[PDB]
Every structure is written in C-alpha cells, then in structure tokens.
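*Asks:* I'm passing along final13.cif; it holds mmCIF, C-alpha atoms and all ligand atoms.
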data_model
#
loop_
_atom_site.label_atom_id
_atom_site.label_comp_id
_atom_site.auth_asym_id
_atom_site.auth_seq_id
_atom_site.Cartn_x
_atom_site.Cartn_y
_atom_site.Cartn_z
CA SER A 3 71.71 59.66 52.50
CA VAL A 4 70.72 61.41 55.74
CA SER A 5 69.96 59.71 59.06
CA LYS A 6 67.54 60.86 61.76
CA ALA A 7 68.66 62.23 65.11
CA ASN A 8 67.49 60.61 68.33
CA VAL A 9 65.36 63.35 69.87
CA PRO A 10 63.51 61.89 72.88
CA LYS A 11 60.15 63.17 74.06
CA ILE A 12 60.52 63.98 77.76
CA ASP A 13 57.42 64.47 79.90
CA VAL A 14 58.57 67.53 81.87
CA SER A 15 55.42 67.91 83.95
CA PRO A 16 57.12 66.68 87.16
CA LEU A 17 59.38 69.77 87.05
CA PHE A 18 56.34 71.89 87.97
CA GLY A 19 55.55 69.72 91.01
CA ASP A 20 56.93 68.61 94.37
CA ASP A 21 57.69 64.92 93.69
CA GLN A 22 61.46 65.22 93.99
CA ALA A 23 62.30 61.69 92.81
CA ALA A 24 60.09 62.17 89.75
CA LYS A 25 62.06 65.33 88.99
CA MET A 26 65.31 63.38 89.18
CA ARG A 27 63.93 60.89 86.65
CA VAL A 28 63.18 63.81 84.33
CA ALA A 29 66.64 65.19 85.05
CA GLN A 30 68.22 61.89 84.04
CA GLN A 31 66.44 62.03 80.69
CA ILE A 32 67.61 65.60 80.13
CA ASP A 33 71.14 64.50 81.05
CA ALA A 34 71.04 61.61 78.58
CA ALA A 35 69.69 63.78 75.76
CA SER A 36 72.19 66.56 76.51
CA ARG A 37 75.06 64.06 76.27
CA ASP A 38 73.75 62.44 73.06
CA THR A 39 72.48 64.64 70.21
CA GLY A 40 71.85 67.68 72.44
CA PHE A 41 68.14 68.00 71.57
CA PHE A 42 64.98 66.75 73.23
CA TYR A 43 61.28 67.56 73.00
CA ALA A 44 59.55 68.84 76.13
CA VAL A 45 56.03 67.38 76.24
CA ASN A 46 53.21 67.80 78.74
CA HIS A 47 54.40 71.39 79.17
CA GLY A 48 51.09 73.16 79.77
CA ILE A 49 51.37 75.85 77.10
CA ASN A 50 48.56 76.36 74.58
CA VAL A 51 50.72 76.10 71.46
CA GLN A 52 47.69 76.16 69.14
CA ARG A 53 46.79 79.73 70.12
CA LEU A 54 50.50 80.58 69.80
CA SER A 55 50.72 79.56 66.14
CA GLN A 56 47.30 81.09 65.38
CA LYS A 57 47.99 84.56 66.78
CA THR A 58 51.42 84.43 65.12
CA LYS A 59 49.93 83.58 61.72
CA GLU A 60 47.44 86.46 61.61
CA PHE A 61 50.19 88.93 62.57
CA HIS A 62 52.66 87.99 59.84
CA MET A 63 49.93 87.86 57.20
CA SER A 64 48.19 91.14 58.08
CA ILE A 65 51.11 93.51 58.74
CA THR A 66 51.73 96.00 55.92
CA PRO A 67 54.92 97.38 54.35
CA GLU A 68 54.28 100.71 56.07
CA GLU A 69 54.02 99.02 59.47
CA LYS A 70 57.16 96.96 58.81
CA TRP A 71 59.21 100.10 58.20
CA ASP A 72 57.63 101.70 61.28
CA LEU A 73 58.81 98.81 63.47
CA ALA A 74 62.06 97.96 61.72
CA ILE A 75 65.34 97.34 63.53
CA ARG A 76 68.18 99.67 62.67
CA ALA A 77 69.64 97.16 60.20
CA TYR A 78 66.66 98.01 57.96
CA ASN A 79 65.82 101.55 59.13
CA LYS A 80 68.58 104.04 59.95
CA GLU A 81 66.07 106.17 61.87
CA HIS A 82 65.82 103.52 64.60
CA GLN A 83 69.31 103.54 66.13
CA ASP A 84 67.99 102.22 69.46
CA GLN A 85 66.48 99.08 67.86
CA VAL A 86 69.35 96.62 67.61
CA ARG A 87 67.44 93.55 68.82
CA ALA A 88 63.72 94.33 69.10
CA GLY A 89 61.48 95.11 66.14
CA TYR A 90 60.68 93.83 62.68
CA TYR A 91 63.21 91.98 60.48
CA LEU A 92 62.05 92.54 56.92
CA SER A 93 62.18 90.07 54.10
CA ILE A 94 63.88 91.22 50.90
CA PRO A 95 61.81 89.84 47.99
CA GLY A 96 63.97 88.04 45.46
CA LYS A 97 66.84 87.88 47.96
CA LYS A 98 65.78 86.99 51.52
CA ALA A 99 62.65 84.96 52.22
CA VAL A 100 62.60 84.99 56.02
CA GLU A 101 61.06 87.80 58.05
CA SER A 102 60.58 88.04 61.78
CA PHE A 103 59.55 90.12 64.78
CA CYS A 104 61.64 90.01 67.96
CA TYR A 105 60.64 91.29 71.38
CA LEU A 106 62.27 91.32 74.80
CA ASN A 107 61.38 91.42 78.50
CA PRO A 108 58.11 93.41 78.77
CA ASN A 109 59.47 94.91 82.01
CA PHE A 110 62.03 96.85 79.92
CA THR A 111 60.30 100.23 80.08
CA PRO A 112 61.65 103.80 80.25
CA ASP A 113 61.47 103.32 84.04
CA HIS A 114 63.85 100.36 84.02
CA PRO A 115 67.34 101.35 85.28
CA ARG A 116 69.00 99.35 82.48
CA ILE A 117 67.08 101.49 79.99
CA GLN A 118 67.92 104.67 81.91
CA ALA A 119 71.58 103.61 81.87
CA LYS A 120 71.38 102.67 78.16
CA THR A 121 73.04 99.35 78.92
CA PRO A 122 73.71 97.31 75.75
CA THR A 123 71.22 94.55 74.79
CA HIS A 124 68.40 96.23 76.79
CA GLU A 125 65.67 97.86 74.70
CA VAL A 126 62.04 98.92 75.04
CA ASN A 127 59.84 96.75 72.83
CA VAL A 128 58.09 98.33 69.84
CA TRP A 129 54.55 97.24 68.97
CA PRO A 130 52.16 97.66 66.03
CA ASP A 131 49.04 99.77 66.39
CA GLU A 132 46.57 98.05 68.71
CA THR A 133 43.60 98.79 66.44
CA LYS A 134 45.36 97.34 63.38
CA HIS A 135 46.46 94.24 65.34
CA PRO A 136 43.93 93.77 68.15
CA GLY A 137 45.12 91.59 71.02
CA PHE A 138 48.52 90.94 69.45
CA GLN A 139 50.62 92.73 72.07
CA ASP A 140 48.54 91.19 74.87
CA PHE A 141 49.00 87.71 73.38
CA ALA A 142 52.72 88.30 72.81
CA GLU A 143 53.46 89.51 76.34
CA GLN A 144 51.45 86.72 77.97
CA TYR A 145 53.29 84.25 75.76
CA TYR A 146 56.61 85.66 76.98
CA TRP A 147 55.61 84.81 80.55
CA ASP A 148 54.01 81.45 79.70
CA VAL A 149 57.24 80.28 78.07
CA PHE A 150 59.23 81.96 80.85
CA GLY A 151 57.48 79.69 83.34
CA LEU A 152 58.21 76.62 81.24
CA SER A 153 61.86 77.59 80.85
CA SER A 154 62.29 78.11 84.60
CA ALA A 155 61.03 74.57 85.18
CA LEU A 156 63.28 73.21 82.43
CA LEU A 157 66.24 74.99 84.05
CA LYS A 158 65.48 73.14 87.29
CA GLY A 159 65.77 69.90 85.33
CA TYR A 160 69.13 70.90 83.89
CA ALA A 161 70.37 71.92 87.34
CA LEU A 162 69.42 68.58 88.89
CA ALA A 163 70.83 66.73 85.87
CA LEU A 164 74.24 68.31 86.51
CA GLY A 165 74.21 67.38 90.20
CA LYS A 166 73.24 70.84 91.51
CA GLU A 167 70.36 72.16 93.56
CA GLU A 168 67.33 72.84 91.40
CA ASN A 169 67.72 76.65 91.45
CA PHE A 170 71.37 76.68 90.30
CA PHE A 171 70.37 78.22 86.96
CA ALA A 172 66.84 79.45 87.68
CA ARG A 173 68.02 81.80 90.44
CA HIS A 174 69.61 83.92 87.69
CA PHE A 175 66.48 83.83 85.46
CA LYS A 176 64.24 86.60 86.77
CA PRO A 177 61.35 88.65 85.34
CA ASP A 178 62.92 91.93 86.46
CA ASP A 179 66.09 91.60 84.36
CA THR A 180 66.10 88.60 82.01
CA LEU A 181 67.61 89.32 78.60
CA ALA A 182 65.49 86.53 77.09
CA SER A 183 63.87 87.15 73.70
CA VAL A 184 61.01 85.78 71.64
CA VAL A 185 61.30 85.79 67.84
CA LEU A 186 58.23 85.22 65.66
CA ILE A 187 59.72 83.97 62.39
CA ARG A 188 57.79 83.44 59.17
CA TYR A 189 59.25 81.17 56.50
CA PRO A 190 57.15 81.72 53.36
CA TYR A 191 56.10 79.52 50.51
CA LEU A 192 57.46 81.15 47.34
CA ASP A 193 56.89 80.20 43.72
CA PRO A 194 59.34 80.67 42.19
CA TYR A 195 61.56 80.45 45.27
CA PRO A 196 64.57 82.79 44.83
CA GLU A 197 67.85 80.92 44.59
CA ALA A 198 69.58 83.93 46.16
CA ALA A 199 67.72 83.09 49.39
CA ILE A 200 69.16 79.54 49.46
CA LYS A 201 72.64 78.68 50.71
CA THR A 202 74.52 75.52 49.74
CA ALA A 203 76.25 73.64 52.54
CA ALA A 204 79.65 71.98 52.22
CA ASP A 205 77.87 68.62 51.96
CA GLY A 206 75.54 70.03 49.28
CA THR A 207 72.41 70.42 51.41
CA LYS A 208 70.31 73.45 50.48
CA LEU A 209 69.88 75.67 53.54
CA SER A 210 67.90 78.65 54.72
CA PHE A 211 70.34 79.23 57.61
CA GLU A 212 73.86 77.92 58.11
CA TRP A 213 75.36 75.92 60.96
CA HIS A 214 75.55 77.65 64.32
CA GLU A 215 75.50 77.23 68.07
CA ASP A 216 72.75 79.09 69.89
CA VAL A 217 73.53 82.28 71.79
CA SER A 218 71.56 81.35 74.90
CA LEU A 219 71.68 79.31 78.06
CA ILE A 220 69.02 77.07 76.53
CA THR A 221 66.64 77.57 73.61
CA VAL A 222 62.95 76.70 73.90
CA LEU A 223 61.48 76.41 70.42
CA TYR A 224 58.03 75.91 68.98
CA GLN A 225 57.81 75.22 65.24
CA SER A 226 54.92 74.39 62.99
CA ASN A 227 54.83 70.89 61.53
CA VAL A 228 57.40 71.24 58.74
CA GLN A 229 60.67 69.33 59.11
CA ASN A 230 63.72 71.53 58.57
CA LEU A 231 66.28 71.33 61.38
CA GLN A 232 69.43 69.21 61.33
CA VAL A 233 71.92 68.60 64.15
CA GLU A 234 75.59 67.89 63.51
CA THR A 235 77.01 64.63 64.87
CA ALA A 236 80.36 62.94 64.29
CA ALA A 237 78.67 61.03 61.43
CA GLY A 238 77.35 64.22 59.87
CA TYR A 239 74.10 66.11 59.97
CA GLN A 240 70.97 64.26 61.10
CA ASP A 241 67.39 65.34 60.54
CA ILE A 242 65.43 66.54 63.56
CA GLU A 243 61.83 65.40 63.12
CA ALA A 244 59.10 67.97 63.63
CA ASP A 245 56.52 67.90 66.42
CA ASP A 246 54.11 70.86 66.45
CA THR A 247 52.87 70.04 69.96
CA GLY A 248 56.18 69.77 71.82
CA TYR A 249 58.96 72.24 72.53
CA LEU A 250 62.35 71.48 71.02
CA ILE A 251 65.02 72.18 73.64
CA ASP A 252 68.77 72.59 73.24
CA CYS A 253 71.65 74.08 75.21
CA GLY A 254 73.33 77.28 74.09
CA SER A 255 77.03 78.09 74.10
CA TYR A 256 76.81 79.62 77.58
CA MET A 257 75.89 76.19 78.95
CA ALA A 258 78.75 74.58 77.06
CA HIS A 259 81.07 77.17 78.58
CA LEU A 260 79.99 76.76 82.20
CA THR A 261 79.92 72.93 82.08
CA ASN A 262 83.37 72.69 80.45
CA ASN A 263 81.64 71.34 77.33
CA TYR A 264 80.00 68.52 79.32
CA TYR A 265 76.66 69.71 77.92
CA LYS A 266 77.66 70.81 74.43
CA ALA A 267 75.86 73.53 72.49
CA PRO A 268 74.71 71.36 69.55
CA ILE A 269 75.62 72.70 66.13
CA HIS A 270 72.52 72.80 63.93
CA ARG A 271 71.25 74.32 60.70
CA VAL A 272 67.98 75.05 58.93
CA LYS A 273 67.30 73.13 55.74
CA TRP A 274 65.69 74.96 52.86
CA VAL A 275 62.06 73.85 52.51
CA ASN A 276 59.58 75.54 50.19
CA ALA A 277 56.70 75.59 52.64
CA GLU A 278 54.80 78.19 54.64
CA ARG A 279 55.82 77.62 58.26
CA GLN A 280 56.48 79.26 61.63
CA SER A 281 59.52 79.14 63.92
CA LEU A 282 59.03 80.70 67.36
CA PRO A 283 62.18 80.42 69.49
CA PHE A 284 62.52 81.65 73.06
CA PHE A 285 66.19 82.28 73.85
CA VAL A 286 66.68 81.73 77.58
CA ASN A 287 69.14 84.47 78.59
CA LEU A 288 69.99 85.49 82.13
CA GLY A 289 70.50 89.02 83.49
CA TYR A 290 73.19 91.38 82.25
CA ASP A 291 75.31 90.94 85.40
CA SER A 292 74.51 87.25 85.90
CA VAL A 293 77.66 85.15 86.41
CA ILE A 294 77.78 81.36 86.84
CA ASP A 295 80.98 79.74 88.05
CA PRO A 296 82.11 77.07 85.55
CA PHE A 297 82.46 73.50 86.78
CA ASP A 298 83.42 70.14 85.28
CA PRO A 299 81.02 67.26 86.10
CA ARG A 300 83.65 64.85 84.75
CA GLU A 301 86.12 65.60 87.55
CA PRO A 302 85.81 64.30 91.13
CA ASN A 303 86.57 67.76 92.53
CA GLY A 304 84.27 69.24 89.89
CA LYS A 305 86.84 72.00 89.34
CA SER A 306 87.09 73.97 86.11
CA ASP A 307 89.88 76.32 85.06
CA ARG A 308 87.46 78.27 82.86
CA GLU A 309 86.83 81.92 83.60
CA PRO A 310 83.39 83.01 84.87
CA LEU A 311 81.54 84.93 82.15
CA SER A 312 79.16 87.81 82.71
CA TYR A 313 76.07 87.01 80.71
CA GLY A 314 75.51 90.48 79.24
CA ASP A 315 78.97 90.61 77.68
CA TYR A 316 78.56 87.03 76.45
CA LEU A 317 75.28 88.03 74.80
CA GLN A 318 76.55 91.24 73.22
CA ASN A 319 79.51 89.41 71.69
CA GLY A 320 77.45 86.38 70.69
CA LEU A 321 74.71 88.27 68.85
CA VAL A 322 77.18 90.32 66.80
CA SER A 323 79.24 87.22 65.99
CA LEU A 324 76.23 85.25 64.76
CA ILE A 325 75.24 88.14 62.49
CA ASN A 326 78.73 88.30 61.00
CA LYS A 327 79.01 84.56 60.41
CA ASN A 328 75.47 83.74 59.23
CA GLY A 329 74.30 87.13 57.93
CA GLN A 330 71.76 89.71 59.05
CA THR A 331 68.44 87.94 59.60
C1 LIG B 1 67.09 77.83 64.17
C2 LIG B 1 66.54 79.06 64.88
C3 LIG B 1 65.38 78.68 65.80
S1 LIG B 1 67.88 79.84 65.89
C4 LIG B 1 68.53 80.65 64.41
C5 LIG B 1 68.87 82.17 64.43
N1 LIG B 1 69.14 82.84 65.68
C6 LIG B 1 69.26 84.17 65.72
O1 LIG B 1 69.22 84.87 64.71
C7 LIG B 1 69.40 84.79 67.09
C8 LIG B 1 68.30 85.81 67.36
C9 LIG B 1 68.55 86.64 68.62
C10 LIG B 1 67.47 87.73 68.83
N2 LIG B 1 67.27 88.58 67.64
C11 LIG B 1 67.80 88.56 70.06
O2 LIG B 1 68.10 89.74 70.01
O3 LIG B 1 67.71 87.87 71.16
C12 LIG B 1 67.43 82.34 63.90
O4 LIG B 1 66.65 83.26 63.78
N3 LIG B 1 67.33 80.99 63.63
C13 LIG B 1 66.13 80.19 63.87
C14 LIG B 1 65.57 79.69 62.55
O5 LIG B 1 66.00 80.02 61.46
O6 LIG B 1 64.55 78.90 62.72
FE FE B 2 69.58 77.80 66.53
#
As structure tokens, how would this structure be written, given the file I've shared?
*Replies:*
Amino acid sequence: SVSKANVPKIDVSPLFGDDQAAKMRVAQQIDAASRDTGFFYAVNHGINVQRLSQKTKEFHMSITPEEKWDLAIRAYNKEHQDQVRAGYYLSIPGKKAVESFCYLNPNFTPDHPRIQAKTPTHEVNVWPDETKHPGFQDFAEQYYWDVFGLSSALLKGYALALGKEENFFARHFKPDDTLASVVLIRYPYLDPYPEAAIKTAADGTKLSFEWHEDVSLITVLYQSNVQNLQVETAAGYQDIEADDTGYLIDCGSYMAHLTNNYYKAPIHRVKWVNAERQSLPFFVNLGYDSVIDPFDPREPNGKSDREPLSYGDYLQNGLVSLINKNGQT
C-alpha cells in the first residue's frame, strides 16, 4: 500500500506585494513544507495555466517527424553539436514514450557574450517555423518570463524562510544571464504501451522515470491533471496528488548544498501511467558565475564548512550526471 504525501497549498500572492508580515507568514509555510516532504503547491500565482497547457498541446500534436529532426538535440541528431540542452527530445516508438522540447533564456542570442565565448550550458534557442506553428514561439517566450516572475517571488519567500533578506536568492536570478530552462514534456497514451518504456523500481512500482534530485535551485512545475509523482520519505514513496491549477514547487540539490541540507532536495520519481498528459517544468537556475555562500540555519553562528559552488559548474556536472543515472530523455 502507498500513502499520500502532505503537499500544502500555499497562497503565494503576498510575495508580489508590500505587506511584509504577510510575506513572513508565507515564508513560514514554505519553511514548514521544505522541512517536511519538500513539496508544496503555489496557488494564487497569477499565471494563466489554461493557455499554457493549450498552446503546449497543439504544439506536441502538430509537429511532424521532419520538424523533430530539424530541431533535435545532438543526442538524436549528430549534425547539431551545439544543441546539448535546447531543442526537441524525440520519442522512440516501441522503446521510449516521452518526448519533449526544451528552451532557455530568450536573451541568449549570437550577441550574448556567453554565446560569443561558447561558455558551456549557454545555447541559442531553436524554434519551429512560425507559419507551421503560429504564435508558438511568442507564447513560449512570454511564458518563460511569466514563470520567471513567479519564481523570483517564490525565491523571496525561500530567502525570508531561511532568515535572510528577501533578495538573498533573487539577486542572482536575472533576465540577462539566468540558465533557467523550460521543458514542454508530452507523456502519451499508448495502446499497447511498450514494456520497454517502463522501468521497475526496487519496490516494484512501474515507473516512467527513476528516482532523482532536481538539478536546480528550485523547480516550478505545471502538470496536467494526471497523478504520477511520488516523493521519497523515511517510510517510503508517497503519492503527490495532482492539481492542474497550482504550481508544484520543490528545492533542487543546489539549495540542499547551500543550506547544509536544511532544505533537502526531495528525491522523487515519475510513476508509469497510461494517460495522455503534460509536464511543464521550469528549472530555476542562476547565472553561470553565480555563487552563494553556504550557511547552516541549525547553528547559532549560522556557519557552514561547505565550499561555495559556482552555479554554472554545478549545472554542467548535474545535467550530465542525471543523464547517466536516469538515461537520455
Ligand atoms: C519530474 C520532472 C518534472 S523533472 C525530471 C527530469 N529532469 C530532467 O531531465 C532535467 C532537464 C534539464 C533540461 N533539459 C535543461 O537543459 O535545463 C525530467 O524531464 N523529468 C520530469 C518528468 O518526467 O516529469
Ligand atoms: Fe524532478
């Protein structure tokens, strides 16, 4: 039998305002959730999530095999050596059900000095033909900034929750250099569903994606209304209930590092479910040179022995490690 994780719904709307005590009350809820299961739902967040899942649906359903090759990351197309992160992630019928499209900071253009320098993890987004997918790129880029604004506010809540000034994290989260990504993931309904696309967990649960910690500072996730996620606790995995109006929030391993594991990166996995559904994560990454000094909120002096980590190197290592452990997505 499988229990259900406590995932509180936190009204985050005070984090956009100037009622400082109300923000502390939000911060307390984020603190409590971060110390319990590690997940909470952000509600009253101001993003039109209906248009998000609509625009995403028409894209996945109308893109053709030719277009998928044209946009494919180098794991699927050797011609595209510059596309490590951004581009299309093809399904492999009979073998791999999931497919996705990942894009990065729209300000990453040929003019950007990180592109000029060819710094790892920086890429120029690739987009389908505007006439074949009208309004898609416009919707996608605006969504990047809509969720960017939400994440900035959420980061002020985390900062206050940890006893810091509200810009402790957000100061490093900037439109000019953020390494944050959006991934538009389609999980298809398949009949018959290929067993090769299903992994079996140690406890016997059938999975689409194995246990992992997120490579992020925090992750800001919209999913359609199909229950699939599980979070690991000391008593085993617990089901995370769906909510296709809220944003599911969790800390990534960079937060665990800088808080001396005070806010853990929750380990979670994706159950196999034979249902058409969407998963649209926004991975909140900082800039390539961003460094946050670790601290320990458990200690009176707040001192940590842990080494400061540059975020770019953390991200480069983390992305490659997740691929090796859980397979090329
Ligand atoms: C559980 C998740 C939201 S998180 C997990 C898994 N995560 C990743 O692959 C990291 C993607 C990083 C991205 N390409 C980039 O360059 O920034 C994924 O996809 N999974 C999702 C899923 O399967 O729903
Ligand atoms: Fe995850």
*Asks:* Find the spatial neighbours of residue 251 in chain A, counting all atoms listed in the file, within a cut-off of 8 Å - ignore same-chain residues fewer than 4 positions away - and output them as a ChimeraX atom specification.
*Replies:* /A:41-44,220-223
*Asks:* Which residues are close to residue 146 in chain A, i.e. within 9 Å by only C-alpha atoms, leaving aside same-chain residues fewer than 3 positions away? Reply as a ChimeraX atom specification.
*Replies:* /A:105-108,141-143,149-151,182-184,284
*Asks:* Using all atoms listed in the file and a cutoff of 12 Å, can you tell me which residues are near (57.6, 68.4, 89.7) in the file's coordinates, and write them out as number ranges by chain?
*Replies:* A: 13-29, 46-47, 152, 154-156, 158-159, 162, 168
*Asks:* Which of these residues is nearest to residue 97 in chain A, using all atoms listed in the file: A:179, A:148, A:197, A:307?
*Replies:*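 Going through A:179, A:148, A:197, A:307 one by one, the smallest distance to residue 97 in chain A is for A:197.
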*Asks:* Which of these, A:166, A:214, A:327, A:82, has the shortest distance to ligand LIG 1 (chain B) once you count only C-alpha atoms and all ligand atoms?
*Replies:*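 Once distances to ligand LIG 1 (chain B) are computed over only C-alpha atoms and all ligand atoms, the minimum belongs to A:214.
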*Asks:* Which of these, A:248, A:40, A:283, A:296, has the shortest distance to residue 312 in chain A once you count all atoms listed in the file?
*Replies:*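 Result for the nearest residue to residue 312 in chain A: A:296.
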*Asks:* Restrict the calculation to all atoms listed in the file, then for each residue of chain A with any atom at most 10 Å from an atom of ligand FE 2 (chain B) give the closest atom pair and their distance in Å to one decimal, rows by chain and rising residue number, as JSON lines.
*Replies:*
{"residue": "A:211", "atom": "CA", "partner": "B:FE2", "partner_atom": "FE", "distance": 9.1}
{"residue": "A:212", "atom": "CA", "partner": "B:FE2", "partner_atom": "FE", "distance": 9.4}
{"residue": "A:213", "atom": "CA", "partner": "B:FE2", "partner_atom": "FE", "distance": 8.2}
{"residue": "A:214", "atom": "CA", "partner": "B:FE2", "partner_atom": "FE", "distance": 6.4}
{"residue": "A:215", "atom": "CA", "partner": "B:FE2", "partner_atom": "FE", "distance": 6.1}
{"residue": "A:216", "atom": "CA", "partner": "B:FE2", "partner_atom": "FE", "distance": 4.8}
{"residue": "A:217", "atom": "CA", "partner": "B:FE2", "partner_atom": "FE", "distance": 8.0}
{"residue": "A:218", "atom": "CA", "partner": "B:FE2", "partner_atom": "FE", "distance": 9.3}
{"residue": "A:221", "atom": "CA", "partner": "B:FE2", "partner_atom": "FE", "distance": 7.7}
{"residue": "A:222", "atom": "CA", "partner": "B:FE2", "partner_atom": "FE", "distance": 10.0}
{"residue": "A:223", "atom": "CA", "partner": "B:FE2", "partner_atom": "FE", "distance": 9.1}
{"residue": "A:231", "atom": "CA", "partner": "B:FE2", "partner_atom": "FE", "distance": 8.9}
{"residue": "A:233", "atom": "CA", "partner": "B:FE2", "partner_atom": "FE", "distance": 9.8}
{"residue": "A:252", "atom": "CA", "partner": "B:FE2", "partner_atom": "FE", "distance": 8.5}
{"residue": "A:253", "atom": "CA", "partner": "B:FE2", "partner_atom": "FE", "distance": 9.7}
{"residue": "A:254", "atom": "CA", "partner": "B:FE2", "partner_atom": "FE", "distance": 8.5}
{"residue": "A:267", "atom": "CA", "partner": "B:FE2", "partner_atom": "FE", "distance": 9.7}
{"residue": "A:268", "atom": "CA", "partner": "B:FE2", "partner_atom": "FE", "distance": 8.8}
{"residue": "A:269", "atom": "CA", "partner": "B:FE2", "partner_atom": "FE", "distance": 7.9}
{"residue": "A:270", "atom": "CA", "partner": "B:FE2", "partner_atom": "FE", "distance": 6.4}
{"residue": "A:271", "atom": "CA", "partner": "B:FE2", "partner_atom": "FE", "distance": 7.0}
{"residue": "A:272", "atom": "CA", "partner": "B:FE2", "partner_atom": "FE", "distance": 8.2}
{"residue": "A:283", "atom": "CA", "partner": "B:FE2", "partner_atom": "FE", "distance": 8.4}
{"residue": "A:285", "atom": "CA", "partner": "B:FE2", "partner_atom": "FE", "distance": 9.2}
*Asks:* Using only the atoms of range 100-111 of chain A listed in the file, plus 5 Å on each side, state the axis-aligned box centre and edge lengths in Å rounded to one decimal, as JSON.
*Replies:*
{"center_x": 60.4, "center_y": 92.6, "center_z": 69.0, "size_x": 14.5, "size_y": 25.2, "size_z": 36.0}
*Asks:* Nearest to ligand LIG 1 (chain B): which of A:311, A:117, A:209, A:88 is it, counting all atoms listed in the file?
*Replies:*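 That would be A:88, the residue with the smallest distance to ligand LIG 1 (chain B).
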*Asks:* Which residues, written as an MDAnalysis selection string, have at least one atom at most 12 Å from residue 98 in chain A, with only C-alpha atoms counted and residues fewer than 3 positions away on the same chain left out?
*Replies:* chainID A and resid 91:95 101:102 188:190 192 195:201 210:211 329:331
*Asks:* Find the residue from A:52, A:262, A:133, A:85 that sits nearest to ligand LIG 1 (chain B); use all atoms listed in the file when measuring.
*Replies:*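 Among A:52, A:262, A:133, A:85, it is A:85 that comes nearest to ligand LIG 1 (chain B).
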*Asks:* Rounded to one decimal in Å, what is the spacing between CA of residue 186 in chain A and atom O4 of ligand LIG 1 (chain B)?
*Replies:*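 Atom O4 of ligand LIG 1 (chain B) lies 8.8 Å from CA of residue 186 in chain A.
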*Asks:* Which of these, A:99, A:288, A:237, A:104, has the shortest distance to ligand LIG 1 (chain B) once you count only C-alpha atoms and all ligand atoms?
*Replies:*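 Of A:99, A:288, A:237, A:104, the one nearest ligand LIG 1 (chain B), counting only C-alpha atoms and all ligand atoms, is A:104.
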*Asks:* Please, what distance in Å, to one decimal, runs between CA of residue 163 in chain A and CA of residue 263 in chain A?
*Replies:*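 That distance, rounded to one decimal, is 14.5 Å.
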